[PDB]
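Have a look below at one chain only, the form deposited in one PDB entry, in structure tokens format.
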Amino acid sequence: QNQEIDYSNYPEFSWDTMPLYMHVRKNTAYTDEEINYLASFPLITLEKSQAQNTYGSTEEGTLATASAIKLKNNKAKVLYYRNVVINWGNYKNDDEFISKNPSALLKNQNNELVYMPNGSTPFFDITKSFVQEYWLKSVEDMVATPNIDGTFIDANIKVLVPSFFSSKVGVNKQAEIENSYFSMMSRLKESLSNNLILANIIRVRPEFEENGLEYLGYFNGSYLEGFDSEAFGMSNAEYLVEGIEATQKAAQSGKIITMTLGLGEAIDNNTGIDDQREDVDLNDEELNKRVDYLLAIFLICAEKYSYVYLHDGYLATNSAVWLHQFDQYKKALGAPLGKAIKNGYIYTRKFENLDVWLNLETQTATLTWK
């Protein structure tokens, strides 16, 4: 049920160099230097727990951060994170809503609250009309402010994979949650039609016939995580083949893609728990081979409005790549000269200033910059 494509409210995009995405939180205000860094990205999602130890709440920390970004670069697009079912902390208005309205939280068929794996974070019962209205208004009100361009909707997949809630609250309640989810996304599709809606939705799933593409009709694009984390008995290569296919199709349909890929395992060095975390050599040859590989996966998929983030977590103060620009982000890229060519697990693609070769079996790639 995709809408006719209208790019009026889309972020800036250029093929000149790597198109980059930022997805970030910090417990206190960003420094001036950090704001300048954020404002250099074309598309930024502000996560939950947004500077709440400076501004008292995520709502106020989001407003302050977005204002500061826009004053440095008013062309940067800023999205507000919102989880559609998990009642995470540090939203002052959510705390008040739940305090005053305990019936807003999700219960199992034995009338017990159900929780995330930490045993303490509960869920919104979005089947209840007043919860739907509270949640929708909270998103619409924040997006209507001058420095927020849209919203990042999270936990779509927890709604849509039936076992996630059916194992907690039963089969019928899962279907009711899903029905209400669709109602709520229909509401946002209309109310935010002059804004951006990005969702955490494309994902290799045995339950999804089209690996999330069938759910993109509500959204201007998808964020990607778990993209190289195989499951379901599939090999790493098999799993990436399906994710690449889905991402290519979505990107070629004009949807925004924000592909996140973790470097945490390539940076970890067995330090930082009971000793100082050893400074990572960001020029390390092996680390840069990993950057090449992950960027090759992205470039095999990318179209206009595709953006990449190679991250060490979304908390700014605990990320080894915070404030850093890899050399691969500065080199001339240029527009594609064709689609990727797939031969088994080997992919190639040509850009005006770059040739990409990717082997998913060996988890190696070459970026030959021209």
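For every residue, the number given is its place in the sequence shown, counted from 1. Each form is matched to the other, and the largest set of C-alpha atoms that superpose within 1.5 Å is called the rigid core.
One more form of this protein exists, namely the form deposited in another entry; it is left out here, but the text below deals with it.
Core-superposed comparison between the shown form and the other one: among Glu207, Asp141, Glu265, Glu133, the single residue whose C-alpha moves by 2 Å or more is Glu265. Core-aligned CA deviation for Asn283 between the shown form and the other one: 2 Å or greater. Relative to this form, the distance between the C-alpha atoms of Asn318 and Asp274 is increased by at least 3 angstroms in the other entry. Whereas the displayed form keeps them at a certain spacing, the CA atoms of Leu38 and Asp268 lie at least 3 angstroms farther apart in the other entry.
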